[PDB]
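First comes the structure, then the notes that go with it.
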Amino acid sequence: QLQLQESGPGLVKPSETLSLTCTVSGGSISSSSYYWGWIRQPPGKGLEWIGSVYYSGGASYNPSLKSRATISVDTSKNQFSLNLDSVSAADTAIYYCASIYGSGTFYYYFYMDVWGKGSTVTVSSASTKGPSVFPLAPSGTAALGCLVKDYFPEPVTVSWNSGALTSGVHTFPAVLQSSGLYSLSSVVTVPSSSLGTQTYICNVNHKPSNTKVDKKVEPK
Amino acid sequence: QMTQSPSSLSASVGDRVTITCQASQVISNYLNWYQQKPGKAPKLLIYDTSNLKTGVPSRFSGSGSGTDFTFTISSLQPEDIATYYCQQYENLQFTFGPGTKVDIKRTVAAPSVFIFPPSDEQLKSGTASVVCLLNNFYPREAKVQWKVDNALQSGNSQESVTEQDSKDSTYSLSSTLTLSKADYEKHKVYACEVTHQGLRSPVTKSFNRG
Ligand code: NA
């Protein structure tokens with residue numbers, strides 16, 4: 001089926017330009033029944049539609065963002081893009097691309113049927129910083145985990161055994177430390193019997209810093 | 001000036017859940033409903049007021065007309081915890097409602113407590129993070145107190161709580177005590193005391209440095 005994927009930097013300096021690209025697969029962007037939109041969600045807040053584009057180039061915008069927002073389409077690469085100028089901290093958000101299905105004869109009716117996974121963008125003067133990854137060592141159920149400390153900006157992703165271990169996994173929300181850097185822990189519970197015989201590895205990815213770390217967690 | 005009521009609700013598994021939406025004006029375009037689960041993108045459930053998207057469970061429904069609309073879950077299931085948004089398209093603009101957060105109330109459940117010493121690798125860099133884990137409990141409310149050689153701690157710990165679990169509707173909590181390596185080495189007993197309504201009396205997990 002139709003699938004959308006956002007891409008672009010997660011960090012943008014103040015007053016500079018935010019750029020994102022949505023890649024469409026499982027269908028052509030040149031469908032006459034579809035429009036292509038961007039919607040954002042600031043942390044802890046609701047959804048805000050930014051604008052939409054038709055495959056032939058026609059665009060429509062949220063009036064409160066029209067002066068800064070530009071949405072274009074590249075039919076060749078099956079992509080559409082968002083440019084948002086003169087950003088400030090108020091533009092820090094998760095940005096989703098979405099397909100808009102339209103139908104009707106006497107009236108254009110719309111709904112958003114397919115969404116991307118969203119791209120986290122942070123407006124900041126600070127430079128990216130990759131996390132340090134430390135084991136949380138276990139001492140019939142045992143808990144073990146990994147501490148992902150001092151990174152910026154969000155997000156990081158954590159996997160266990162390259163995705164082989166998913167049961168009983170809790171990856172906590174990042175906390176903002178007093179240092180102004182983020183930290184989180186990912187934990188998992190396993191049979192205590194397996195400790196020292198089975199190997200557990202956390203896979204940590206922090207895209208903005210191009211950090212990819214695999215940390216083995218050993219007992220005691 | 002879209003509205004949604006209530007802003008949040010706690011319902012039992014199996015409860016009939018009804019939430020409301022007010023469009024900013026009498027609608028002409030579709031009134032749609034989206035479900036956004038924690039950490040996920042919004043997902044279309046209902047389009048054109050009452051039509052279920054293909055694949056969407058029949059326990060979900062929508063109704064209403066004019067400016068007043070309703071979204072219903074006939075029998076709430078644990079995986080239905082999410083924020084639900086109504087959405088209009090009028091005056092050439094997509095507008096989403098403020099959203100209604102649905103979570104689940106269930107029976108009290110005691111936490112399982114675990115404590116982790118700092119790793120030797122972190123210690124090499126001059127910092128010690130001591131982590132305490134409270135696993136799979138209900139309700140969300142819990143008290144964690146750090147004790148270092150029986151001295152109560154203050155201002156050097158942070159907590160994080162998971163989103164409600166989509167299967168057993170419980171929470172987990174991590175508390176991290178952070179000290180310099182120098183301060184960490186000045187003490188022997190590191191303990192975390194957990195107070196929770198699922199426990200008869202506080203539970204303490206501890207370790208000895210070295
Ligand atoms: Na309402």
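Just the heavy atoms: all of them, side chains too, but no hydrogens, waters or symmetry mates, feed the values below. Residue numbering restarts at 1 for every chain, and letters A, B, ... go by the order of the sequence lines.
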Item to check | Residues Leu133(B), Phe172(A); criterion side-chain contact (heavy atoms from CB on, under 4.5 Å); working and verdict | outcome: CA-CA 11 Å; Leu133(B) 168 69; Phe172(A) 289 86; 3.6 Å; yes

Checklist entry - Given side chains that start at C-beta, do those of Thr20(B) and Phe69(B) come closer than 4.5 Å, heavy atoms only? => result no

Checklist outcome for this item: The single option from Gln88(B), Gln25(B), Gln87(B), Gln22(B) that satisfies side-chain contact (heavy atoms from CB on, under 4.5 Å) with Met2(B) is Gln88(B)

Checklist entry - So how far is it from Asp103(B) CG to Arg140(B) CZ, rounded to the nearest 0.5 Å? => result 9.5 Å

Next on the checklist: So does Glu185(B) get a backbone contact from the side chain of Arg209(B), meaning a donor-acceptor N/O pair under 3.5 Å?
Outcome noted: yes

Item to check | Inter-residue atom distance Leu9(B).CG - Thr18(B).OG1, 0.5 Å rounding | outcome: 9.5 Å

Checklist entry - Should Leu176(A) and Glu154(A) count as side-chain neighbours, where that means a heavy-atom distance under 4.5 Å? => result no

Checklist entry - Crowded around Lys53(B) NZ? As in, over 12 foreign heavy atoms under 6.0 Å? => result yes

Next on the checklist: Using a 3.5 Å distance criterion without hydrogens, assess whether the side chain of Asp165(B) forms a donor-acceptor pair with backbone atoms of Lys167(B).
Outcome noted: yes

Item to check | Between SG on residue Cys22(A) and CD on residue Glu6(A), distance to nearest 0.5 Å | outcome: 5.5 Å

Checklist entry - Just wondering, do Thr122(A) and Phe152(A) contact through their side chains at under 4.5 Å, heavy atoms? => result yes

Checklist entry - Is the shortest distance from a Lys or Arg side-chain nitrogen in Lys147(B) or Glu193(B) to a carboxylate oxygen in the other one below 4.0 Å? => result yes

Item to check | side-chain hydrogen bond (donor to acceptor under 3.5 Å, both in side chains) evaluation trace for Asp113(A) with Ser99(A) | outcome: CA-CA 6 Å; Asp113(A) 59 330; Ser99(A) 66; 2.6 Å; yes

Checklist outcome for this item: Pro139(B) and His196(B) have their tightest heavy-atom pair at O-NE2, 3.0 Å

Checklist entry - Are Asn208(B) and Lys188(B) close enough, and set up right, to give a side-chain hydrogen bond (donor to acceptor under 3.5 Å, both in side chains), and what steps lead you there? => result CA-CA 5 Å; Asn208(B) 295 280; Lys188(B) 158 200 164 81; 3.3 Å; yes

Checklist entry - For the residue pair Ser10(B) and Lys105(B), what are the closest heavy atoms and their distance? => result O-CE, 3.6 Å

Item to check | Stepwise side-chain contact (heavy atoms from CB on, under 4.5 Å) test for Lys149(A) and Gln177(A) | outcome: CA-CA 9 Å; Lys149(A) 200 181 188 305; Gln177(A) 300 171 107; 3.0 Å; yes

Next on the checklist: Any heavy-atom pair between the side chains of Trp160(A) and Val169(A) that's under 4.5 Å?
Outcome noted: yes

Item to check | Parallel, tilted or perpendicular, as decided by the 30° and 60° cut-offs, for the rings of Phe60(B) and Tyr84(B) | outcome: tilted

Checklist entry - Under a 4.0 Å N-O cut-off, is there an ion pair linking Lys37(B) with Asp80(B)? => result no

Checklist entry - Do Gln153(B) side-chain atoms and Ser157(B) backbone N/O form a donor-acceptor pair below 3.5 Å? => result no

Next on the checklist: Taking atom CG as the centre, does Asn150(B) end up with more than 12 heavy-atom neighbours from other residues, nucleotides or ligands that are less than 6.0 angstrom away?
Outcome noted: no

Next on the checklist: Using 30° and 60° as the class boundaries, would you call the ring planes of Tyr89(B) and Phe94(B) parallel, tilted or perpendicular?
Outcome noted: perpendicular

Checklist entry - Are any side-chain N or O atoms of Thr162(B) and backbone N or O atoms of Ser172(B), one a donor and one an acceptor, separated by less than 3.5 Å? => result yes

Next on the checklist: Under a 4.0 Å threshold between the charged nitrogen and the carboxylate oxygen, would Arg59(B) count as salt-bridged to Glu79(B)?
Outcome noted: yes

Checklist entry - So do the side chains of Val130(B) and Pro118(B) get within less than 4.5 Å of each other, counting heavy atoms only? => result yes

Next on the checklist: Restricting to non-hydrogen atoms, name the atom on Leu20(A) and the atom on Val121(A) that form the minimum distance, rounded to 0.1 Å.
Outcome noted: CD1-CG2, 4.0 Å

Checklist entry - Which atom pair, heavy atoms only, marks the closest approach of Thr176(B) to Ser129(B)? => result CG2-CB, 4.0 Å

Next on the checklist: So, taking the atom named OG in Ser72(A) and the one named CG in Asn83(A), what distance separates them when rounded to the nearest 0.5 Å?
Outcome noted: 6.5 Å

Checklist entry - Is the side chain of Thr72(B) donor-acceptor paired with the backbone N or O of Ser74(B) at a distance under 3.5 Å, no angle test? => result no

Next on the checklist: Are there over 12 heavy-atom neighbours, none belonging to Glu141(B), within less than 6.0 Å of that residue's CD?
Outcome noted: no

Next on the checklist: One thing to verify: whether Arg68(A) and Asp91(A) come together as a salt bridge, which I'm taking to mean a side-chain N less than 4.0 angstrom from a carboxylate O.
Outcome noted: yes

Item to check | Chi angles and distances behind the side-chain contact (heavy atoms from CB on, under 4.5 Å) call for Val190(A), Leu195(A) | outcome: CA-CA 8 Å; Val190(A) 298; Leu195(A) 298 183; 4.2 Å; yes

Checklist entry - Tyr35(A) pairs by ring-ring contact (aromatic ring centres under 6.0 Å, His included) with which of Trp49(A), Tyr101(A), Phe110(A), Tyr111(A)? => result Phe110(A)

Checklist outcome for this item: Smallest heavy-atom separation, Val24(A) atom then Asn78(A) atom, equals O-ND2, 2.8 Å

Next on the checklist: Could you go through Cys192(B) and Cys132(B), starting from their C-alpha distance and side-chain angles, then the distance that decides it, and tell me whether this counts as disulfide bond (SG atoms under 2.5 Å apart)?
Outcome noted: CA-CA 7 Å; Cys192(B) 174; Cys132(B) 180; 3.2 Å; no

Checklist entry - For the side chain of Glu16(A) and the backbone of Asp85(A), is there at least one donor-acceptor N/O pair under 3.5 Å apart? => result no

Checklist entry - Counting distance only, does the side-chain N/O of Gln164(B) pair as donor-acceptor with the main-chain N or O of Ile104(B) below 3.5 Å? => result yes

Next on the checklist: Set out, in order, the CA-CA distance, both residues' side-chain angles and the distance that settles side-chain contact (heavy atoms from CB on, under 4.5 Å) for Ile50(A) and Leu82(A), then state yes or no.
Outcome noted: CA-CA 9 Å; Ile50(A) 297 172; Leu82(A) 169 67; 3.9 Å; yes

Checklist entry - Backbone N or O of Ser162(A) within a donor-acceptor pair of the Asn203(A) side chain at under 3.5 Å? => result yes

Next on the checklist: Checking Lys215(A) against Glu121(B) for the salt bridge (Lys or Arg N to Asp or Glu O under 4.0 Å) test, could you report, in this order, the C-alpha distance in whole Å, the side-chain angles of both residues, the deciding distance, and whether it holds?
Outcome noted: CA-CA 12 Å; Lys215(A) 214 72 173 198; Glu121(B) 182 188 355; 3.0 Å; yes

Checklist entry - Does the pair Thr211(A) and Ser209(A) meet the rule for a side-chain hydrogen bond (donor to acceptor under 3.5 Å, both in side chains), with working shown? => result CA-CA 5 Å; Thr211(A) 299; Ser209(A) 65; 2.6 Å; yes

Checklist entry - Judged by atom type as modelled, is there a donor-acceptor pair below 3.5 Å linking the side chain of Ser180(B) to the main-chain atoms of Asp183(B)? => result yes

Checklist entry - Is the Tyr190(B) ring parallel, tilted or perpendicular to the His187(B) ring (thresholds 30°, 60°)? => result perpendicular

Checklist entry - With side chains defined as the heavy atoms from C-beta onward, is the minimum distance between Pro135(A) and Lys216(A) less than 4.5 Å? => result no

Item to check | SG atoms of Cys202(A) and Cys146(A) less than 2.5 angstrom apart | outcome: no

Checklist entry - Rounded to the nearest 0.5 Å, how far apart are CG of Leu134(B) and CD1 of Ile115(B)? => result 11.0 Å

Checklist entry - So among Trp115(A), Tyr96(A), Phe80(A), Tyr61(A), which one has a ring-ring contact (aromatic ring centres under 6.0 Å, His included) with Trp38(A)? => result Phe80(A)

Checklist entry - At their closest point, which heavy atom of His206(A) faces which heavy atom of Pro155(A), and how far apart are they? => result CD2-O, 3.3 Å

Item to check | Donor-acceptor under 3.5 Å (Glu163(B) side chain, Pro38(B) main chain) | outcome: no

